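Shown next, in structure tokens, is the structure this report addresses.
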Amino acid sequence: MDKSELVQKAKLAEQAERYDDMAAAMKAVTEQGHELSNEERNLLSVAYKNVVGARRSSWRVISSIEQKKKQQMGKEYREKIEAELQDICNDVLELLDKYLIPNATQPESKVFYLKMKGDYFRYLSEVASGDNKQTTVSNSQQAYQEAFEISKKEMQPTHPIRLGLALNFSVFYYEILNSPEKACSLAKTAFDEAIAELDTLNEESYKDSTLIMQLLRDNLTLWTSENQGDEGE
Amino acid sequence: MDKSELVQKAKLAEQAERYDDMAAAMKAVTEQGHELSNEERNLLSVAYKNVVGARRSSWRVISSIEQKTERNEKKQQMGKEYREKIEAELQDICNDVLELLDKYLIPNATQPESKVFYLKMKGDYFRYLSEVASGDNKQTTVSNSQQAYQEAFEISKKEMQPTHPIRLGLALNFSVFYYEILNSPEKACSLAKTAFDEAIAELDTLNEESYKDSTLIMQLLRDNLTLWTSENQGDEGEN
Amino acid sequence: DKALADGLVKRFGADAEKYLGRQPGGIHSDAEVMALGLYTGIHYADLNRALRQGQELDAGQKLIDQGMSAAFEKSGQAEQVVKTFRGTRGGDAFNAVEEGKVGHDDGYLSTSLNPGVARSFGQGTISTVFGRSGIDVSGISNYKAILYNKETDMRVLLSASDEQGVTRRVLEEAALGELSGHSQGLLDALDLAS
Amino acid sequence: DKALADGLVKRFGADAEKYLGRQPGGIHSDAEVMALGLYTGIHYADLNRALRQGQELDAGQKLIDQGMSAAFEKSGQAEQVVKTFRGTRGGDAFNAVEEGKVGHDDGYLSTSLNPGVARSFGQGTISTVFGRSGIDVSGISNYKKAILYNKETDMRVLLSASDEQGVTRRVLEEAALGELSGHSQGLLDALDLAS
């Protein structure tokens, strides 16, 4: 199938809510080894977002049931989903490292794919264990930081991809590293830097940025509320 | 794997919203050739409802994109080929469940309540098949759907109370089949009015365990008639 | 309490004693049994009439109401749902309640356990009722029916009419919930069109 | 319209006439150009003060006002959206508008095209504005970039924050624009955000 036929199949699969098909089509477009269009990139991301996301939700569900007398298949089932999830992550991570990240020309695109690299390493570390877990968590932190550095130097503080990264990396610090301190630091900074330079907002993606800034603000007020204290009362 | 282990796996799958896995487990339980419980039956139905349902929605979506386009080129050609891919999947799901019905479910059914359920089901999936089928193959599925529904309808009429949720549920589905599939609003509104009127006439027959099931379906029947009836008026006093 | 039991006898009061065949270990106290009995007898008509209208209750009516309201607070939610039937001629309190919404009869709700009521003739309203807070007064001194308290809020699950006039209803006690008359995943398993 | 153009020169005269010939092709009539000009000059202050207060306009004020209104008719689309900045000291009309909700300035909305306004000091409020119903008026008077929006123009508060200096930083978008305005097709979805 030709690149165009694939992208068209992908768009139809999206509409049909056949994400496995959508992922399949865009993987093949990526595997053609070319600098994906922003539309192509978006399609690939949205597809895999939905493929991995499904397994993440089932995992969390089965894991919740595991907390609440032959729960031997519950474990087996969690492990089945765990296996699927890893294969999905290893599918998208190979795509990133082998094609996506090296083919990225503009820093806007490089930041996106590095953000993505930390996102799927975070998904991995959520089900990972032992020394394997400490590797994924570090691989996540590396990818997210590498992107964060490129974003601070090449993108405006209001950029939706820069802001989106801020939210996800801040969530990683909170959820994964269990550092509310570093989480809030990142989110406060990113938000404050963006409100300070609101004139940098793009007329095409302004409601994208404001929306993400609201999510950062919401997270900060939630996270600081979960980290109160003492003493004079 | 043991029957109990499989039902636990099906219950787990359901919760995880992994319907393909849910159907896999219940297919295996059914394939053990032993009469399904009501819980087992429910699990099998809910699973396949969701497996076939996905493909039905996917079909309706693509078929609509394929008929609302001015792009008299490749974009429409893709639509048709993709629609045909989903069509293929859908048929495989229906044959799979119809084989389960005819080979195991319907013959093993002891209580008429259960026999009506599986016959209703037989019509239901033949109707799903009929929606995407074409030519002589289409006329077969449509008539197979009707046969199964009518066979279920006679037993429900002679063995179930007019308020029974399985009898009422059949009422609605069979009435929808007549409207959607046979394109007979007449026969559709006939079945629906009857079923509803029978049930309101004998509201004392309602079961204390499934009364809100029965009322809910009666509301859906009432809604369908009051709609199918507004779409078919046929009057002009200006004679 | 005895204060009410004694009050009931020095008033009604030979009609009050009647409903006392002892037992001796019933769920309801001597006072409550008498009140319920006196209701089921002939006072249901005049008592409910004044409750529904507003009218201050007669010295005797006040005590029957007192005895009745006491028994309901003693029994309440009785874990399993019962099916009972109610008829109306000349208007029903629930005519004011539209489908899905809740309302109540300002008097006590008498419902017969006999399905004959649902298939009875010359009716204004016919309603099949599902509840738990009711009281079986057939097991009490004679004769078959279940009473629901005054101002008991009921949800109208279904309403229809006619060929022509008589409206048929499905009433469920508001308290019972949302999951009350549903058989575990049956609706889901029936793969309905909607 | 000439009735307005004449009525304008009869009240302001020299000051009104001044602005004629200040456009390349000229979408706006002589009357409209003058009213916009007179606004941009010195009348903007007293006129908006009167509109905001709800006060009864002067003959010359009503003149400028209907001259503007006339020009603000058809000048909606204007196919593209524009980013403009406005600062306020000691009260802003949008302080009354909470985030997500719409409100309007009872006077005309003067917003500069220069981002210098957003980075200006000792302000009360600083707002970046997105809209298309505005009219590009700069070059006309008396210096050298600014877009001005109609009186009672309803605006949605997309974002508000009272920064580490008490200054309110807002994002305003013209209510009309929609709900899909300002979003790059499926990028929010493609960003796989945590939320």
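Lettering and numbering for the structure tokens are positional, with chains as A, B, ... in the shown order, residues counted from 1 in each chain, and ligands counted from 1 in the shown order.
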Subject >> Distance filter 10 Å, only C-alpha atoms, chain C against chain B, as a ChimeraX atom specification >> reply: /C:80-85,114-119,126-131,157-162,167-170,172,178-194
Create the file for the chosen residues now, containing C-alpha atoms and written as a PDB file, in the first residue's frame.
```pdb
ATOM      1  CA  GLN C  80     -37.826  -8.139  50.682  1.00  0.00           C
ATOM      2  CA  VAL C  81     -40.043  -6.219  48.197  1.00  0.00           C
ATOM      3  CA  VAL C  82     -43.803  -7.040  48.094  1.00  0.00           C
ATOM      4  CA  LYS C  83     -46.292  -6.694  45.185  1.00  0.00           C
ATOM      5  CA  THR C  84     -49.721  -5.135  46.118  1.00  0.00           C
ATOM      6  CA  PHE C  85     -52.659  -3.597  44.217  1.00  0.00           C
ATOM      7  CA  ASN C 114     -55.056  -9.992  45.782  1.00  0.00           C
ATOM      8  CA  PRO C 115     -54.241  -9.485  42.018  1.00  0.00           C
ATOM      9  CA  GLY C 116     -58.036  -9.389  41.407  1.00  0.00           C
ATOM     10  CA  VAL C 117     -57.801  -5.645  42.208  1.00  0.00           C
ATOM     11  CA  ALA C 118     -55.534  -5.131  39.175  1.00  0.00           C
ATOM     12  CA  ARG C 119     -58.084  -6.881  36.895  1.00  0.00           C
ATOM     13  CA  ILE C 126     -55.362   0.703  38.830  1.00  0.00           C
ATOM     14  CA  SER C 127     -51.823   0.497  40.288  1.00  0.00           C
ATOM     15  CA  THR C 128     -49.406  -2.402  40.966  1.00  0.00           C
ATOM     16  CA  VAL C 129     -47.240  -1.309  43.966  1.00  0.00           C
ATOM     17  CA  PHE C 130     -43.715  -2.476  45.021  1.00  0.00           C
ATOM     18  CA  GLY C 131     -42.461  -1.641  48.539  1.00  0.00           C
ATOM     19  CA  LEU C 157     -42.366   3.880  36.985  1.00  0.00           C
ATOM     20  CA  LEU C 158     -45.117   3.523  34.360  1.00  0.00           C
ATOM     21  CA  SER C 159     -48.507   5.053  33.457  1.00  0.00           C
ATOM     22  CA  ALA C 160     -50.968   4.344  30.573  1.00  0.00           C
ATOM     23  CA  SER C 161     -54.605   4.804  29.429  1.00  0.00           C
ATOM     24  CA  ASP C 162     -56.975   3.735  27.571  1.00  0.00           C
ATOM     25  CA  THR C 167     -55.279   4.702  33.878  1.00  0.00           C
ATOM     26  CA  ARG C 168     -52.924   1.882  34.874  1.00  0.00           C
ATOM     27  CA  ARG C 169     -49.724   2.513  36.936  1.00  0.00           C
ATOM     28  CA  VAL C 170     -46.569   0.871  38.370  1.00  0.00           C
ATOM     29  CA  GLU C 172     -42.388   1.840  43.561  1.00  0.00           C
ATOM     30  CA  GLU C 178     -32.498   2.713  41.354  1.00  0.00           C
ATOM     31  CA  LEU C 179     -31.232  -0.867  41.257  1.00  0.00           C
ATOM     32  CA  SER C 180     -34.429  -2.154  42.941  1.00  0.00           C
ATOM     33  CA  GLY C 181     -36.517  -3.984  40.228  1.00  0.00           C
ATOM     34  CA  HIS C 182     -33.612  -5.044  38.003  1.00  0.00           C
ATOM     35  CA  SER C 183     -32.444  -8.665  37.542  1.00  0.00           C
ATOM     36  CA  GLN C 184     -28.599  -8.742  37.491  1.00  0.00           C
ATOM     37  CA  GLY C 185     -27.386  -7.912  33.980  1.00  0.00           C
ATOM     38  CA  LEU C 186     -30.581  -9.286  32.317  1.00  0.00           C
ATOM     39  CA  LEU C 187     -31.291  -5.987  30.530  1.00  0.00           C
ATOM     40  CA  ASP C 188     -27.636  -5.898  29.315  1.00  0.00           C
ATOM     41  CA  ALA C 189     -27.798  -9.606  28.188  1.00  0.00           C
ATOM     42  CA  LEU C 190     -31.034  -8.973  26.218  1.00  0.00           C
ATOM     43  CA  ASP C 191     -29.054  -6.850  23.615  1.00  0.00           C
ATOM     44  CA  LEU C 192     -32.051  -4.501  23.091  1.00  0.00           C
ATOM     45  CA  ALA C 193     -32.210  -2.062  20.087  1.00  0.00           C
ATOM     46  CA  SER C 194     -33.397   1.292  21.816  1.00  0.00           C
TER      47      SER C 194
END
```
Original post:
Got a sec: who's within 9 Å of residue 82 (chain A), counting only C-alpha atoms, leaving out chain neighbours fewer than 2 positions off, as a list in words?
Top reply: residues 55, 56, 59, 77, 78, 79, 80, 84, 85, 86, 87, 124, 127 and 128 of chain A
Original post:
In Å, with one decimal, what is the gap from CA of residue 175 (chain D) to CA of residue 161 (chain D)?
Top reply: 20.0 Å
Original post:
as a VMD selection string, which residues of chain C does DSSP assign to helix (DSSP H, G or I)?
Top reply: chain C and resid 2 to 9 14 to 17 30 to 53 59 to 75 93 to 96 174 to 176 186 to 189
**OP:** Please provide the set of residues having any atom within 12 Å of residue 55 (chain C), restricted to only C-alpha atoms, with same-chain residues fewer than 5 positions apart removed, written as a ChimeraX atom specification.
**Re:** /C:46-50,61-62,106-107
Would you write out those residues with N, CA, C and O atoms, as a tab-separated table (two decimals), in the first residue's frame?
```tsv
chain	number	residue	atom	x	y	z
C	46	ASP	N	-63.04	8.04	57.16
C	46	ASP	CA	-63.08	9.37	57.78
C	46	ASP	C	-61.69	9.92	58.12
C	46	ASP	O	-61.46	11.12	57.93
C	47	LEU	N	-60.76	9.06	58.61
C	47	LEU	CA	-59.39	9.46	58.98
C	47	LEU	C	-58.62	9.97	57.76
C	47	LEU	O	-58.08	11.09	57.81
C	48	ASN	N	-58.54	9.15	56.70
C	48	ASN	CA	-57.83	9.52	55.49
C	48	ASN	C	-58.44	10.79	54.89
C	48	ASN	O	-57.69	11.71	54.56
C	49	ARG	N	-59.81	10.87	54.84
C	49	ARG	CA	-60.57	12.03	54.35
C	49	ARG	C	-60.04	13.34	54.97
C	49	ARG	O	-59.71	14.25	54.22
C	50	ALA	N	-59.91	13.39	56.32
C	50	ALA	CA	-59.41	14.55	57.05
C	50	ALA	C	-57.90	14.77	56.82
C	50	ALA	O	-57.45	15.92	56.77
C	61	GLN	N	-59.44	10.02	66.20
C	61	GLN	CA	-58.62	9.96	64.96
C	61	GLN	C	-57.13	10.19	65.25
C	61	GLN	O	-56.29	9.49	64.69
C	62	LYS	N	-56.83	11.17	66.14
C	62	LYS	CA	-55.50	11.59	66.62
C	62	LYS	C	-54.71	10.42	67.21
C	62	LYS	O	-53.50	10.30	67.00
C	106	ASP	N	-51.60	11.89	51.01
C	106	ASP	CA	-51.55	12.52	52.33
C	106	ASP	C	-52.24	11.69	53.43
C	106	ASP	O	-52.03	11.94	54.62
C	107	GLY	N	-53.00	10.68	53.02
C	107	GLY	CA	-53.60	9.69	53.90
C	107	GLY	C	-52.79	8.40	53.84
C	107	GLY	O	-51.77	8.35	53.15
```
**OP:** Kindly provide, as a ChimeraX atom specification, the residues of chain A having any atom no farther than 10 Å from an atom of chain D, counting only C-alpha atoms.
**Re:** /A:38-39,41-50,53,112,115-116,119,160-161,163-172,191-192,195-219
Original post:
If we count only C-alpha atoms, which residues of chain A reach to within 6 Å of chain B? Please list them as number ranges by chain.
Top reply: A: 16, 58, 61
Only N, CA and C atoms, please: the residues just picked out, written as a PDB file, in the first residue's frame.
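New file selection21.pdb:
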```pdb
ATOM      1  N   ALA A  16     -13.776   4.963  12.561  1.00  0.00           N
ATOM      2  CA  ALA A  16     -14.402   3.674  12.855  1.00  0.00           C
ATOM      3  C   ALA A  16     -14.081   3.183  14.277  1.00  0.00           C
ATOM      4  N   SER A  58      -7.322  -1.378  31.607  1.00  0.00           N
ATOM      5  CA  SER A  58      -7.570  -2.775  32.017  1.00  0.00           C
ATOM      6  C   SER A  58      -6.603  -3.169  33.139  1.00  0.00           C
ATOM      7  N   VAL A  61      -7.694  -1.648  36.425  1.00  0.00           N
ATOM      8  CA  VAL A  61      -8.947  -2.308  36.801  1.00  0.00           C
ATOM      9  C   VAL A  61      -8.645  -3.625  37.473  1.00  0.00           C
TER      10      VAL A  61
END
```
Subject >> DSSP strand (DSSP E or B) selection over region 32-113 of chain C, as an NGL selection string >> reply: :C and (82-88 or 102-104 or 109-112)
